[PDB]
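Okay, here we've got a single chain as structure tokens, the form deposited in one PDB entry, with questions on binding and movement later.
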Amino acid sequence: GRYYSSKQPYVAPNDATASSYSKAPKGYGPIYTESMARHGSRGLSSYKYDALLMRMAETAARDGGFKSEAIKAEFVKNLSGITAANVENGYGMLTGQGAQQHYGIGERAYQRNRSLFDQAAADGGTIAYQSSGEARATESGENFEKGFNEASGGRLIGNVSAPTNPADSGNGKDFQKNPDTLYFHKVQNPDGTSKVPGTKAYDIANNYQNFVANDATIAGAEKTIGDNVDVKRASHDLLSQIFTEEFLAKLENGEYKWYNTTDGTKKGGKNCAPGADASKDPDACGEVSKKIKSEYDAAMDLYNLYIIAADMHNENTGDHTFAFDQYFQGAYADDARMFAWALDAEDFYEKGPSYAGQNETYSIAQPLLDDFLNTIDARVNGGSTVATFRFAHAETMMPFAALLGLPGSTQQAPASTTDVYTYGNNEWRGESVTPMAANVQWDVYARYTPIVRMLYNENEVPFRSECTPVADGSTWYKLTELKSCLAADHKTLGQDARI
């Protein structure tokens, strides 16, 4: 692999996959479809990794911490380039790769359900578009819409439900903001509003944040992985291609430390990326509390730049080109793998299945699962919405995948801070659980209880093993069966799930 972790660009299905999805059993025709997809490829989400590395670079230049003038120039040039590229694109914004990803996904979404949507055009069915409110999610949705309308020759353009709370009045006017199902991990919503204290959504978000902040097993496992001897040596060795031993030893013993502030000090005030308009791009001014205090921190920042570059192909142009893969060549390639583990670990423990004996890390996805089922009910009871397409985040997909027990997210780590999650003992990978444009789609047919089939990153998958399908070897499941087997006790209806 290349070890891009959760910044892995989307891998679209080849034509054989997209044309070989299973057919529903005889007598069942399509009545509904729905989706939740992560935003497509993006730039850096804020002036953070590049910011901190530039502060470190300024100190190394002042104290002679670079190994040579050529190495200094190379490092500073790459930092300046990726920062300039993100300033032009806007921090947190979708890239050309992400637009292409979602355009293809929307094309294939219409194509898989051509019958459903042609009939919906025939009899006034409506399509519901939803976003978290974050710009990159809404933009992903807009490109999905473009691809969907291209593949259907525009025949469904006048079949979109008008939002009651649109993401914006221009390109995003078709997108209902729904942070309760697409941004359930934080009290604050992307549009600046906040979830109301006392509400179910506020309770979910707040209790989650307090649990993760205060949980001793998560903190201990993450300490164990951060202090791992091989991880520490990889951090030091990666940085030793750039900085001198004196500089790095000073960093590791605590003599150097950098905050994301104007002069790198804890008290230094807000730091915005050079050339950026903070009023138009607030994300270009970083969180003042982020810091580099160890070789691990600096190396992980460098690794994050290496992996985000994989999502910035079309922006890596002109006079703001950049490259960081030269720091991960040969013997350093494996270093990336180890950083991929460390990053993945932080997500696994904080946002995914995490450790055994708890469900607080992934139960927060319950509203989304609730909506996945409720919308189907609305269609069965005679509603006219034939499709619900939602666009959100990795923070949405990780607990959603763990809650459903999707492939990759079925295995919790031991209740231990030393016997911890590893690539060897656990199936979870960020590159497969939540790549850019990661998406779950359900197709719902009916004769009788409806039946449901799932695609995950457009691979047809069974539901979790506890669920019983309509027949042996089938990927179609009774809606009653899903309501039973996706609940906390994961009870199957047994023979009653068969048709």
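Quick note: we count residues from 1 along the sequence shown, nothing fancier. Each form is matched to the other, and the largest set of C-alpha atoms that superpose within 1.5 Å is called the rigid core.
Below, we refer to the form deposited in another entry, which is not included among the displayed structures.
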Practice item. State which of the options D168, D263, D377, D230 undergoes a Cα shift of 2 Å or more between this form and the one not shown, taking the core as fixed. Key: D263
Point to revise | Rigid core superposed: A331 CA moves 2 Å or more between this form and the one not shown | key: yes
**Study point:** Threshold 2 Å Cα movement between this form and the one not shown for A84, core superposed
**Key:** yes
Exercise for review: For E245, decide whether the Cα shift between this form and the one not shown is 2 Å or greater, given a superposition on the rigid core.
Suggested key: yes
